[PDB]
Amino acid sequence: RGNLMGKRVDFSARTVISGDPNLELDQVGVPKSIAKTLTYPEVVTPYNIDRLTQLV
Amino acid sequence: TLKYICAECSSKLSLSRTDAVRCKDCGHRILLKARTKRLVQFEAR
Amino acid sequence: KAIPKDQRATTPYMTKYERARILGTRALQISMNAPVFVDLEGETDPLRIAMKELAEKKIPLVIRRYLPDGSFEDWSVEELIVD
Amino acid sequence: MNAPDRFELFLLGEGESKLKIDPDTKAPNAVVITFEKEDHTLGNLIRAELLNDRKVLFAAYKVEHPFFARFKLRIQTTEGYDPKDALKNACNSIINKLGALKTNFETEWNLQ
Amino acid sequence: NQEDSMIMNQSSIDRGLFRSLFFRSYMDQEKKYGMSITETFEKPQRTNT
Amino acid sequence: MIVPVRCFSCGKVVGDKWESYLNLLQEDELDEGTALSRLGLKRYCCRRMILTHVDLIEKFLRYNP
Amino acid sequence: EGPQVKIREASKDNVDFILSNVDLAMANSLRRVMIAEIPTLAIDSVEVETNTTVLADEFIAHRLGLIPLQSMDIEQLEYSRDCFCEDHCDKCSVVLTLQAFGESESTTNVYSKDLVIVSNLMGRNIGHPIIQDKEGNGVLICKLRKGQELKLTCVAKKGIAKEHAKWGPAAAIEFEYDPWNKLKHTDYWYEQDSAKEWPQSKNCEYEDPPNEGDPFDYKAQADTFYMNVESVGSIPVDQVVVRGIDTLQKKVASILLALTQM
Ligand SMILES: [Zn+2]
Ligand SMILES: [Zn+2]
Ligand SMILES: [Zn+2]
């Protein structure tokens, strides 16, 4: 139960949720600290070599 | 040595190392560390 | 054991799962420098290019639908009616 | 923690300007002017003077989000007239009315 | 304000409304296992530690 | 504690009204509303400050440093 | 022509007047500018040397931050970011200090008047603690007993109320318009009758009821405003109103200058 069916995993954030009518239906407002803590591995392609270069 | 202060009588001890932890003139083993002598900057916001 | 083309009795419509995995695998290949068969309108995102290839059926794939008895069928995504 | 600085509510950032004139294609002779580091105080006061004119067909403003000091001002005047001129007349009218309010306020204050 | 949400005045917060102090106490203690090993409170040097 | 500075709404200075307030209470034996009417407070936003204040610094000073 | 101002009450703290012939946008803009976009002088940095008080250090720094100061000739004092020096100089800020020590057995009270000016003003009239008490005593900052010292240096810097609420010279602004409800902007709720429950306002003396049995109102605009400005103690009311009108005029002129360059 604690190691096969379920488990504690990475790449997640837990906090208090609140409302905001100015947002859309499917969106979600993420804090800046959570956005800087979590990450996503993107593949370098000739379409975003300049953008990823700027990020570096 | 470093300046220490007694618990009850609040006297200036300034005892060095290898002198255990005990006040002189009274037997209160609670010895204060005293506040730093440098300035601390704060913001009113 | 590979049912022939005259005996394929599955649904000719592409399901949402087949479209999903075709767009995901195709977009993953496009992200890995795959030969694009459609002229781009200035896109940069790989998923938009994959959907652009699916909108014109230029995706070079064929689905191996597994039957419960162990057999399978080969329905190419070009002949599958999308939506 | 994560809240932005307070002085950012009125100070203009780097690489930015005060007004962003962007033409709009929703209607003929329509323009959307983006205002930075301002709120309803300027938007409603400008919109009122834009509505007092007869050459302006449409005029509105809105604050997209309260966490960002900015508001959009959509203006649409008649053919053969530029909304920038109407905005200039609005600014001149506001400056004149404020000047008369200051002169009259000081004149009435010198009588107390 | 929807769903038990509240809007608070910022100028009241800046003047000290519902502001509280939090005191966290960290207690440490040196110990001796068999008298041969003795923990000592000291400033560790980055050369030999 | 120890007389909140300004007010938590309007913003008027009230810290200089405590000493007089008590002075009007212990000398003239007036009521709370009358003293608050003599200090110059006309809005209840201020009135809740002086009326609901719990001065705990007096109980804090009785400890030896 | 334009607006007209008729002052009704004029005091050292509260001044009520009538600002009419003004579209609601200019009146609301005026009160918003007077509440927010007006400069003020307040303590921004507190340097605590020795503190034996029972109160917390940042708590005392907060109370000192809430203390008002004089802010007359603040126009010619440049901002901290505008001056090219490091930290501060006699062009940006005013340096203050406080030293309190308990003497006799009775507790000593630390007042705002105990602050002294040790920085040059170059002919300005700022930095003086505003004393509005009838006894001649400043704001009670804290209390001290015999054996406790309190020495600190404060740096009073310029700022508006948008940075912090401590830079708020204006107070409660009484905004009202249309005493007798004829513009049909509010539908009064009543349990039995609206005339017996809702009382009459003061400004009703300066007009008259619209009289029942008269045609409906739909062509009348909102005008004849009742505005009561209240200053805390920094600058007088005329400097609040004049500096606010000049502030909005500098903002509108800044927008016109921002449009001319395009
Ligand atoms: Zn001792
Ligand atoms: Zn109040
Ligand atoms: Zn400087």
# chains A, B, ... in the order shown; residues from 1 in each chain; ligands from 1
>>> interface_residues(of="chain A", to="chain D", cutoff="9 Å", atoms="only C-alpha atoms", output="PyMOL selection string")
chain A and resi 22+31-33
>>> interface_residues(of="chain E", to="chain G", cutoff="7 Å", atoms="only C-alpha atoms", output="PDB file with C-alpha atoms, in the first residue's frame")
ATOM      1  CA  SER E  11      -3.557  50.453   5.079  1.00  0.00           C
ATOM      2  CA  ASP E  14       0.526  48.540   7.457  1.00  0.00           C
ATOM      3  CA  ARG E  15      -0.544  50.267  10.696  1.00  0.00           C
TER       4      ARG E  15
END
>>> select_by_dssp(residues="region 174-233 of chain G", states="helix (DSSP H, G or I)", output="PyMOL selection string")
chain G and resi 194-197+202-206
>>> residues_around(residues="residue 124 (chain G)", least_positions_apart="4", cutoff="10 Å", atoms="only C-alpha atoms", output="list in words")
residues 71, 72, 73, 74, 76, 77 and 120 of chain G
>>> residues_around(residues="region 47-55 of chain C", least_positions_apart="2", cutoff="8 Å", atoms="only C-alpha atoms", output="number ranges by chain")
C: 23-24, 26-27, 30, 37-38, 40, 43-45, 57-59
>>> residues_around(residues="region 21-25 of chain B", least_positions_apart="2", cutoff="10 Å", atoms="only C-alpha atoms", output="PyMOL selection string")
chain B and resi 4-13+15+17-19+27-31
>>> write_last_selection(atoms="N, CA and C atoms", output="PDB file, in the first residue's frame")
ATOM      1  N   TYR B   4      29.836  37.827  30.422  1.00  0.00           N
ATOM      2  CA  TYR B   4      28.630  37.123  30.829  1.00  0.00           C
ATOM      3  C   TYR B   4      27.937  37.895  31.947  1.00  0.00           C
ATOM      4  N   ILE B   5      26.642  37.634  32.105  1.00  0.00           N
ATOM      5  CA  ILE B   5      25.818  38.301  33.105  1.00  0.00           C
ATOM      6  C   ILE B   5      25.126  37.245  33.953  1.00  0.00           C
ATOM      7  N   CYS B   6      25.069  37.495  35.259  1.00  0.00           N
ATOM      8  CA  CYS B   6      24.423  36.598  36.217  1.00  0.00           C
ATOM      9  C   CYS B   6      22.899  36.621  36.089  1.00  0.00           C
ATOM     10  N   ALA B   7      22.258  35.519  36.471  1.00  0.00           N
ATOM     11  CA  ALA B   7      20.807  35.402  36.392  1.00  0.00           C
ATOM     12  C   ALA B   7      20.124  36.409  37.306  1.00  0.00           C
ATOM     13  N   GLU B   8      20.324  36.256  38.617  1.00  0.00           N
ATOM     14  CA  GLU B   8      19.578  37.055  39.586  1.00  0.00           C
ATOM     15  C   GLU B   8      20.199  38.435  39.790  1.00  0.00           C
ATOM     16  N   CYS B   9      21.450  38.484  40.253  1.00  0.00           N
ATOM     17  CA  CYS B   9      22.056  39.754  40.644  1.00  0.00           C
ATOM     18  C   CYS B   9      22.508  40.594  39.457  1.00  0.00           C
ATOM     19  N   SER B  10      22.539  40.023  38.250  1.00  0.00           N
ATOM     20  CA  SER B  10      22.828  40.763  37.019  1.00  0.00           C
ATOM     21  C   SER B  10      24.177  41.475  37.087  1.00  0.00           C
ATOM     22  N   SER B  11      25.193  40.772  37.574  1.00  0.00           N
ATOM     23  CA  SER B  11      26.537  41.321  37.675  1.00  0.00           C
ATOM     24  C   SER B  11      27.364  40.921  36.462  1.00  0.00           C
ATOM     25  N   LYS B  12      28.366  41.743  36.152  1.00  0.00           N
ATOM     26  CA  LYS B  12      29.247  41.495  35.014  1.00  0.00           C
ATOM     27  C   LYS B  12      30.350  40.533  35.444  1.00  0.00           C
ATOM     28  N   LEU B  13      30.332  39.323  34.887  1.00  0.00           N
ATOM     29  CA  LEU B  13      31.310  38.297  35.239  1.00  0.00           C
ATOM     30  C   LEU B  13      32.511  38.312  34.296  1.00  0.00           C
ATOM     31  N   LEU B  15      33.861  35.728  32.534  1.00  0.00           N
ATOM     32  CA  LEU B  15      34.725  34.596  32.825  1.00  0.00           C
ATOM     33  C   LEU B  15      35.208  33.947  31.532  1.00  0.00           C
ATOM     34  N   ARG B  17      37.335  30.478  29.518  1.00  0.00           N
ATOM     35  CA  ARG B  17      37.093  29.055  29.353  1.00  0.00           C
ATOM     36  C   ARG B  17      37.715  28.269  30.508  1.00  0.00           C
ATOM     37  N   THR B  18      37.302  27.002  30.633  1.00  0.00           N
ATOM     38  CA  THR B  18      37.753  26.108  31.706  1.00  0.00           C
ATOM     39  C   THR B  18      37.431  26.699  33.086  1.00  0.00           C
ATOM     40  N   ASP B  19      36.369  27.503  33.166  1.00  0.00           N
ATOM     41  CA  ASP B  19      35.923  28.048  34.443  1.00  0.00           C
ATOM     42  C   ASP B  19      34.531  27.547  34.815  1.00  0.00           C
ATOM     43  N   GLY B  27      25.350  31.594  43.746  1.00  0.00           N
ATOM     44  CA  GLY B  27      25.394  30.268  43.160  1.00  0.00           C
ATOM     45  C   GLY B  27      24.403  30.003  42.044  1.00  0.00           C
ATOM     46  N   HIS B  28      23.952  31.051  41.361  1.00  0.00           N
ATOM     47  CA  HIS B  28      23.039  30.889  40.233  1.00  0.00           C
ATOM     48  C   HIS B  28      23.842  30.502  38.996  1.00  0.00           C
ATOM     49  N   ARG B  29      23.614  29.287  38.496  1.00  0.00           N
ATOM     50  CA  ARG B  29      24.343  28.786  37.338  1.00  0.00           C
ATOM     51  C   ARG B  29      23.815  29.328  36.015  1.00  0.00           C
ATOM     52  N   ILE B  30      22.708  30.066  36.026  1.00  0.00           N
ATOM     53  CA  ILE B  30      22.167  30.658  34.806  1.00  0.00           C
ATOM     54  C   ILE B  30      23.001  31.893  34.479  1.00  0.00           C
ATOM     55  N   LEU B  31      23.751  31.835  33.383  1.00  0.00           N
ATOM     56  CA  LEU B  31      24.616  32.929  32.962  1.00  0.00           C
ATOM     57  C   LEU B  31      24.159  33.443  31.606  1.00  0.00           C
TER      58      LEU B  31
END
>>> residues_around(residues="region 24-32 of chain F", least_positions_apart="4", cutoff="12 Å", atoms="only C-alpha atoms", output="mmCIF file with N, CA and C atoms, in the first residue's frame")
data_model
loop_
_atom_site.group_PDB
_atom_site.id
_atom_site.type_symbol
_atom_site.label_atom_id
_atom_site.label_comp_id
_atom_site.auth_asym_id
_atom_site.auth_seq_id
_atom_site.Cartn_x
_atom_site.Cartn_y
_atom_site.Cartn_z
ATOM 1 N N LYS F 17 -3.791 61.186 23.350
ATOM 2 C CA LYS F 17 -5.074 61.326 24.022
ATOM 3 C C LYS F 17 -5.258 60.359 25.180
ATOM 4 N N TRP F 18 -4.337 59.411 25.375
ATOM 5 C CA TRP F 18 -4.471 58.456 26.470
ATOM 6 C C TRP F 18 -4.272 59.135 27.818
ATOM 7 N N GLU F 19 -3.138 59.823 27.992
ATOM 8 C CA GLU F 19 -2.846 60.483 29.264
ATOM 9 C C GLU F 19 -3.961 61.438 29.667
ATOM 10 N N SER F 20 -4.459 62.233 28.719
ATOM 11 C CA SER F 20 -5.596 63.099 29.013
ATOM 12 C C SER F 20 -6.837 62.280 29.335
ATOM 13 N N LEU F 36 -14.409 60.416 25.596
ATOM 14 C CA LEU F 36 -14.154 60.296 24.165
ATOM 15 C C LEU F 36 -14.793 61.437 23.385
ATOM 16 N N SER F 37 -15.862 62.029 23.920
ATOM 17 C CA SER F 37 -16.451 63.213 23.311
ATOM 18 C C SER F 37 -15.646 64.473 23.597
ATOM 19 N N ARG F 38 -14.852 64.479 24.667
ATOM 20 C CA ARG F 38 -13.983 65.608 24.970
ATOM 21 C C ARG F 38 -12.641 65.523 24.257
ATOM 22 N N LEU F 39 -12.184 64.314 23.924
ATOM 23 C CA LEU F 39 -10.910 64.173 23.226
ATOM 24 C C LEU F 39 -11.001 64.646 21.781
ATOM 25 N N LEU F 41 -12.860 62.649 19.332
ATOM 26 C CA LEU F 41 -13.171 61.516 18.470
ATOM 27 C C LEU F 41 -14.654 61.537 18.116
ATOM 28 N N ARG F 47 -13.005 55.049 18.251
ATOM 29 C CA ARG F 47 -13.520 54.770 19.585
ATOM 30 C C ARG F 47 -13.213 53.345 20.016
ATOM 31 N N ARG F 48 -13.216 52.399 19.073
ATOM 32 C CA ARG F 48 -12.918 51.019 19.444
ATOM 33 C C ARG F 48 -11.473 50.862 19.909
ATOM 34 N N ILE F 50 -9.452 53.145 21.797
ATOM 35 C CA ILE F 50 -9.318 53.525 23.202
ATOM 36 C C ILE F 50 -10.268 52.711 24.072
ATOM 37 N N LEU F 51 -11.454 52.399 23.549
ATOM 38 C CA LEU F 51 -12.457 51.705 24.347
ATOM 39 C C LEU F 51 -12.093 50.240 24.556
ATOM 40 N N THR F 52 -11.470 49.609 23.560
ATOM 41 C CA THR F 52 -11.158 48.187 23.623
ATOM 42 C C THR F 52 -9.670 47.919 23.825
#
>>> atom_distance(atom1="CA of residue 32 (chain C)", atom2="CA of residue 41 (chain A)")
14.0 Å
>>> residues_around(residues="residue 43 (chain G)", least_positions_apart="5", cutoff="8 Å", atoms="only C-alpha atoms", output="PyMOL selection string")
(chain B and resi 44) or (chain G and resi 64-67+154-157)
>>> write_last_selection(atoms="N, CA, C and O atoms", output="PDB file, in the first residue's frame")
ATOM      1  N   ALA B  44      10.784  50.105   9.156  1.00  0.00           N
ATOM      2  CA  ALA B  44       9.507  50.405   9.788  1.00  0.00           C
ATOM      3  C   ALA B  44       8.314  49.826   9.037  1.00  0.00           C
ATOM      4  O   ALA B  44       7.187  49.927   9.532  1.00  0.00           O
TER       5      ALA B  44
ATOM      6  N   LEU G  64       7.582  53.685  15.891  1.00  0.00           N
ATOM      7  CA  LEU G  64       8.288  54.853  15.380  1.00  0.00           C
ATOM      8  C   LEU G  64       7.937  55.119  13.923  1.00  0.00           C
ATOM      9  O   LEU G  64       7.885  56.279  13.499  1.00  0.00           O
ATOM     10  N   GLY G  65       7.696  54.062  13.145  1.00  0.00           N
ATOM     11  CA  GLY G  65       7.280  54.250  11.768  1.00  0.00           C
ATOM     12  C   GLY G  65       5.917  54.896  11.642  1.00  0.00           C
ATOM     13  O   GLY G  65       5.665  55.641  10.692  1.00  0.00           O
ATOM     14  N   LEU G  66       5.022  54.629  12.596  1.00  0.00           N
ATOM     15  CA  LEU G  66       3.696  55.235  12.571  1.00  0.00           C
ATOM     16  C   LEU G  66       3.683  56.678  13.058  1.00  0.00           C
ATOM     17  O   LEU G  66       2.659  57.353  12.905  1.00  0.00           O
ATOM     18  N   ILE G  67       4.777  57.166  13.628  1.00  0.00           N
ATOM     19  CA  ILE G  67       4.796  58.534  14.164  1.00  0.00           C
ATOM     20  C   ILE G  67       4.831  59.530  13.010  1.00  0.00           C
ATOM     21  O   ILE G  67       5.669  59.393  12.102  1.00  0.00           O
ATOM     22  N   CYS G 154      17.113  57.188  13.778  1.00  0.00           N
ATOM     23  CA  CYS G 154      16.118  57.005  12.732  1.00  0.00           C
ATOM     24  C   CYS G 154      16.483  57.838  11.513  1.00  0.00           C
ATOM     25  O   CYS G 154      17.083  58.911  11.628  1.00  0.00           O
ATOM     26  N   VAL G 155      16.111  57.336  10.338  1.00  0.00           N
ATOM     27  CA  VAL G 155      16.375  58.012   9.071  1.00  0.00           C
ATOM     28  C   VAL G 155      15.025  58.302   8.426  1.00  0.00           C
ATOM     29  O   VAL G 155      14.404  57.409   7.834  1.00  0.00           O
ATOM     30  N   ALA G 156      14.567  59.546   8.536  1.00  0.00           N
ATOM     31  CA  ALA G 156      13.291  59.952   7.961  1.00  0.00           C
ATOM     32  C   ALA G 156      13.464  60.232   6.474  1.00  0.00           C
ATOM     33  O   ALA G 156      14.221  61.134   6.088  1.00  0.00           O
ATOM     34  N   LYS G 157      12.758  59.464   5.645  1.00  0.00           N
ATOM     35  CA  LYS G 157      12.848  59.559   4.196  1.00  0.00           C
ATOM     36  C   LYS G 157      11.492  59.934   3.608  1.00  0.00           C
ATOM     37  O   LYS G 157      10.443  59.741   4.228  1.00  0.00           O
TER      38      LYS G 157
END
>>> residues_near_ligand(ligand="ligand 2", cutoff="9 Å", atoms="only C-alpha atoms and all ligand atoms", output="PyMOL selection string")
(chain F and resi 6-12+14+41-49) or (chain G and resi 171-172)
>>> interface_residues(of="chain F", to="chain B", cutoff="12 Å", atoms="only C-alpha atoms", output="ChimeraX atom specification")
/F:63-65
>>> atom_distance(atom1="CA of residue 2 (chain G)", atom2="CA of residue 101 (chain D)")
7.3 Å
>>> residues_near_ligand(ligand="ligand 3", cutoff="8 Å", atoms="only C-alpha atoms and all ligand atoms", output="ChimeraX atom specification")
/G:78-93
>>> write_last_selection(atoms="N, CA and C atoms", output="JSON list (two decimals), in the first residue's frame")
[["chain", "number", "residue", "atom", "x", "y", "z"],
["G", 78, "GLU", "N", 15.04, 65.78, -2.55],
["G", 78, "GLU", "CA", 15.00, 64.75, -3.57],
["G", 78, "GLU", "C", 14.80, 63.37, -2.95],
["G", 79, "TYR", "N", 14.42, 62.42, -3.79],
["G", 79, "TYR", "CA", 14.21, 61.05, -3.34],
["G", 79, "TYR", "C", 15.55, 60.36, -3.10],
["G", 80, "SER", "N", 15.48, 59.18, -2.49],
["G", 80, "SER", "CA", 16.70, 58.41, -2.22],
["G", 80, "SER", "C", 17.28, 57.85, -3.51],
["G", 81, "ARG", "N", 16.43, 57.37, -4.42],
["G", 81, "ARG", "CA", 16.91, 56.82, -5.68],
["G", 81, "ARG", "C", 17.36, 57.91, -6.64],
["G", 82, "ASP", "N", 16.82, 59.12, -6.50],
["G", 82, "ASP", "CA", 17.16, 60.20, -7.42],
["G", 82, "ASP", "C", 18.54, 60.78, -7.14],
["G", 83, "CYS", "N", 18.96, 60.82, -5.88],
["G", 83, "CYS", "CA", 20.27, 61.34, -5.54],
["G", 83, "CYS", "C", 21.35, 60.32, -5.89],
["G", 84, "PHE", "N", 22.46, 60.81, -6.44],
["G", 84, "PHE", "CA", 23.52, 59.96, -6.95],
["G", 84, "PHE", "C", 24.55, 59.56, -5.89],
["G", 85, "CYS", "N", 24.36, 59.97, -4.64],
["G", 85, "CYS", "CA", 25.28, 59.59, -3.59],
["G", 85, "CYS", "C", 25.04, 58.14, -3.17],
["G", 86, "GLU", "N", 25.93, 57.64, -2.32],
["G", 86, "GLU", "CA", 25.74, 56.33, -1.71],
["G", 86, "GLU", "C", 24.97, 56.49, -0.40],
["G", 87, "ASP", "N", 24.02, 55.59, -0.18],
["G", 87, "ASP", "CA", 23.15, 55.61, 0.99],
["G", 87, "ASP", "C", 22.33, 56.89, 1.04],
["G", 88, "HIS", "N", 22.77, 57.87, 1.83],
["G", 88, "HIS", "CA", 21.98, 59.08, 2.04],
["G", 88, "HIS", "C", 22.91, 60.29, 2.14],
["G", 89, "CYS", "N", 22.30, 61.47, 2.15],
["G", 89, "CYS", "CA", 23.02, 62.73, 2.22],
["G", 89, "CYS", "C", 22.01, 63.82, 2.55],
["G", 90, "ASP", "N", 22.53, 65.01, 2.86],
["G", 90, "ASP", "CA", 21.66, 66.12, 3.21],
["G", 90, "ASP", "C", 20.73, 66.56, 2.08],
["G", 91, "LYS", "N", 20.62, 65.76, 1.01],
["G", 91, "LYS", "CA", 19.70, 66.10, -0.07],
["G", 91, "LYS", "C", 18.47, 65.20, -0.06],
["G", 92, "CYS", "N", 18.59, 63.99, 0.51],
["G", 92, "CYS", "CA", 17.50, 63.02, 0.48],
["G", 92, "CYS", "C", 16.76, 62.89, 1.80],
["G", 93, "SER", "N", 17.46, 62.71, 2.92],
["G", 93, "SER", "CA", 16.80, 62.32, 4.16],
["G", 93, "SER", "C", 17.16, 63.26, 5.30]]
>>> select_by_dssp(residues="region 16-83 of chain C", states="strand (DSSP E or B)", output="number ranges by chain")
C: 62-66, 72-76, 81
>>> write_last_selection(atoms="C-alpha atoms", output="PDB file, in the first residue's frame")
ATOM      1  CA  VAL C  62      -0.348   2.567 -38.742  1.00  0.00           C
ATOM      2  CA  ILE C  63      -2.198   1.304 -35.666  1.00  0.00           C
ATOM      3  CA  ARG C  64      -1.942  -2.340 -34.557  1.00  0.00           C
ATOM      4  CA  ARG C  65      -5.273  -2.851 -32.793  1.00  0.00           C
ATOM      5  CA  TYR C  66      -4.975  -5.871 -30.503  1.00  0.00           C
ATOM      6  CA  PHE C  72      -4.548  -7.764 -34.296  1.00  0.00           C
ATOM      7  CA  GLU C  73      -5.351  -5.446 -37.192  1.00  0.00           C
ATOM      8  CA  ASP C  74      -3.379  -2.781 -39.069  1.00  0.00           C
ATOM      9  CA  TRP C  75      -5.427   0.408 -39.547  1.00  0.00           C
ATOM     10  CA  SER C  76      -3.281   3.177 -41.015  1.00  0.00           C
ATOM     11  CA  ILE C  81     -11.665   8.848 -40.321  1.00  0.00           C
TER      12      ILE C  81
END
>>> atom_distance(atom1="CA of residue 14 (chain A)", atom2="CA of residue 8 (chain E)")
24.4 Å
>>> closest_atom_pairs(of="chain E", to="chain A", cutoff="10 Å", atoms="only C-alpha atoms", output="tab-separated table")
residue	atom	partner	partner_atom	distance
E:1	CA	A:19	CA	8.4
E:2	CA	A:19	CA	7.6
E:3	CA	A:19	CA	8.1
E:4	CA	A:18	CA	9.9
E:5	CA	A:18	CA	8.0
>>> closest_atom_pairs(of="chain D", to="chain G", cutoff="10 Å", atoms="only C-alpha atoms", output="JSON lines")
{"residue": "D:5", "atom": "CA", "partner": "G:163", "partner_atom": "CA", "distance": 8.2}
{"residue": "D:6", "atom": "CA", "partner": "G:163", "partner_atom": "CA", "distance": 4.8}
{"residue": "D:7", "atom": "CA", "partner": "G:163", "partner_atom": "CA", "distance": 5.3}
{"residue": "D:8", "atom": "CA", "partner": "G:163", "partner_atom": "CA", "distance": 8.6}
{"residue": "D:9", "atom": "CA", "partner": "G:162", "partner_atom": "CA", "distance": 7.1}
{"residue": "D:10", "atom": "CA", "partner": "G:162", "partner_atom": "CA", "distance": 7.8}
{"residue": "D:17", "atom": "CA", "partner": "G:258", "partner_atom": "CA", "distance": 8.3}
{"residue": "D:18", "atom": "CA", "partner": "G:258", "partner_atom": "CA", "distance": 6.3}
{"residue": "D:19", "atom": "CA", "partner": "G:258", "partner_atom": "CA", "distance": 6.6}
{"residue": "D:20", "atom": "CA", "partner": "G:262", "partner_atom": "CA", "distance": 9.4}
{"residue": "D:21", "atom": "CA", "partner": "G:262", "partner_atom": "CA", "distance": 8.5}
{"residue": "D:35", "atom": "CA", "partner": "G:255", "partner_atom": "CA", "distance": 9.2}
{"residue": "D:38", "atom": "CA", "partner": "G:251", "partner_atom": "CA", "distance": 9.9}
{"residue": "D:40", "atom": "CA", "partner": "G:29", "partner_atom": "CA", "distance": 8.7}
{"residue": "D:41", "atom": "CA", "partner": "G:29", "partner_atom": "CA", "distance": 5.3}
{"residue": "D:42", "atom": "CA", "partner": "G:29", "partner_atom": "CA", "distance": 7.5}
{"residue": "D:43", "atom": "CA", "partner": "G:25", "partner_atom": "CA", "distance": 9.4}
{"residue": "D:44", "atom": "CA", "partner": "G:25", "partner_atom": "CA", "distance": 6.1}
{"residue": "D:45", "atom": "CA", "partner": "G:25", "partner_atom": "CA", "distance": 5.0}
{"residue": "D:46", "atom": "CA", "partner": "G:25", "partner_atom": "CA", "distance": 8.5}
{"residue": "D:47", "atom": "CA", "partner": "G:25", "partner_atom": "CA", "distance": 8.8}
{"residue": "D:48", "atom": "CA", "partner": "G:25", "partner_atom": "CA", "distance": 6.6}
{"residue": "D:49", "atom": "CA", "partner": "G:25", "partner_atom": "CA", "distance": 9.0}
{"residue": "D:84", "atom": "CA", "partner": "G:259", "partner_atom": "CA", "distance": 7.7}
{"residue": "D:85", "atom": "CA", "partner": "G:259", "partner_atom": "CA", "distance": 9.8}
{"residue": "D:87", "atom": "CA", "partner": "G:256", "partner_atom": "CA", "distance": 8.1}
{"residue": "D:88", "atom": "CA", "partner": "G:256", "partner_atom": "CA", "distance": 6.4}
{"residue": "D:89", "atom": "CA", "partner": "G:256", "partner_atom": "CA", "distance": 9.5}
{"residue": "D:90", "atom": "CA", "partner": "G:252", "partner_atom": "CA", "distance": 9.3}
{"residue": "D:91", "atom": "CA", "partner": "G:252", "partner_atom": "CA", "distance": 6.0}
{"residue": "D:92", "atom": "CA", "partner": "G:253", "partner_atom": "CA", "distance": 8.2}
{"residue": "D:94", "atom": "CA", "partner": "G:252", "partner_atom": "CA", "distance": 7.4}
{"residue": "D:95", "atom": "CA", "partner": "G:249", "partner_atom": "CA", "distance": 5.7}
{"residue": "D:96", "atom": "CA", "partner": "G:2", "partner_atom": "CA", "distance": 8.7}
{"residue": "D:97", "atom": "CA", "partner": "G:2", "partner_atom": "CA", "distance": 6.0}
{"residue": "D:98", "atom": "CA", "partner": "G:245", "partner_atom": "CA", "distance": 6.2}
{"residue": "D:99", "atom": "CA", "partner": "G:245", "partner_atom": "CA", "distance": 7.9}
{"residue": "D:100", "atom": "CA", "partner": "G:2", "partner_atom": "CA", "distance": 6.6}
{"residue": "D:101", "atom": "CA", "partner": "G:3", "partner_atom": "CA", "distance": 5.8}
{"residue": "D:102", "atom": "CA", "partner": "G:242", "partner_atom": "CA", "distance": 6.2}
{"residue": "D:103", "atom": "CA", "partner": "G:242", "partner_atom": "CA", "distance": 9.3}
{"residue": "D:104", "atom": "CA", "partner": "G:4", "partner_atom": "CA", "distance": 6.7}
{"residue": "D:105", "atom": "CA", "partner": "G:5", "partner_atom": "CA", "distance": 6.0}
{"residue": "D:106", "atom": "CA", "partner": "G:238", "partner_atom": "CA", "distance": 7.9}
{"residue": "D:107", "atom": "CA", "partner": "G:5", "partner_atom": "CA", "distance": 9.5}
{"residue": "D:108", "atom": "CA", "partner": "G:5", "partner_atom": "CA", "distance": 7.0}
{"residue": "D:109", "atom": "CA", "partner": "G:238", "partner_atom": "CA", "distance": 7.8}
{"residue": "D:111", "atom": "CA", "partner": "G:7", "partner_atom": "CA", "distance": 9.9}
{"residue": "D:112", "atom": "CA", "partner": "G:10", "partner_atom": "CA", "distance": 8.1}
>>> interface_residues(of="chain B", to="chain G", cutoff="8 Å", atoms="only C-alpha atoms", output="tab-separated table (two decimals) with N, CA and C atoms, in the first residue's frame")
chain	number	residue	atom	x	y	z
B	37	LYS	N	27.42	44.14	20.61
B	37	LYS	CA	27.76	45.56	20.69
B	37	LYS	C	27.69	46.28	19.35
B	38	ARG	N	27.28	45.60	18.29
B	38	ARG	CA	27.17	46.22	16.98
B	38	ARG	C	25.73	46.61	16.68
B	39	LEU	N	25.57	47.54	15.75
B	39	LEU	CA	24.26	48.07	15.41
B	39	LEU	C	23.48	47.07	14.56
B	40	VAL	N	22.16	47.11	14.69
B	40	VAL	CA	21.25	46.27	13.92
B	40	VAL	C	20.26	47.18	13.22
B	41	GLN	N	20.17	47.05	11.89
B	41	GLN	CA	19.30	47.90	11.09
B	41	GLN	C	17.93	47.26	10.93
B	42	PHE	N	16.89	48.08	11.06
B	42	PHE	CA	15.51	47.63	10.95
B	42	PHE	C	14.75	48.52	9.97
B	43	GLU	N	13.61	48.02	9.51
B	43	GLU	CA	12.72	48.75	8.62
B	43	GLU	C	11.36	48.91	9.28
B	44	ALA	N	10.78	50.10	9.16
B	44	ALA	CA	9.51	50.40	9.79
B	44	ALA	C	8.31	49.83	9.04
B	45	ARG	N	8.53	49.23	7.87
B	45	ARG	CA	7.43	48.65	7.10
B	45	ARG	C	7.03	47.29	7.65
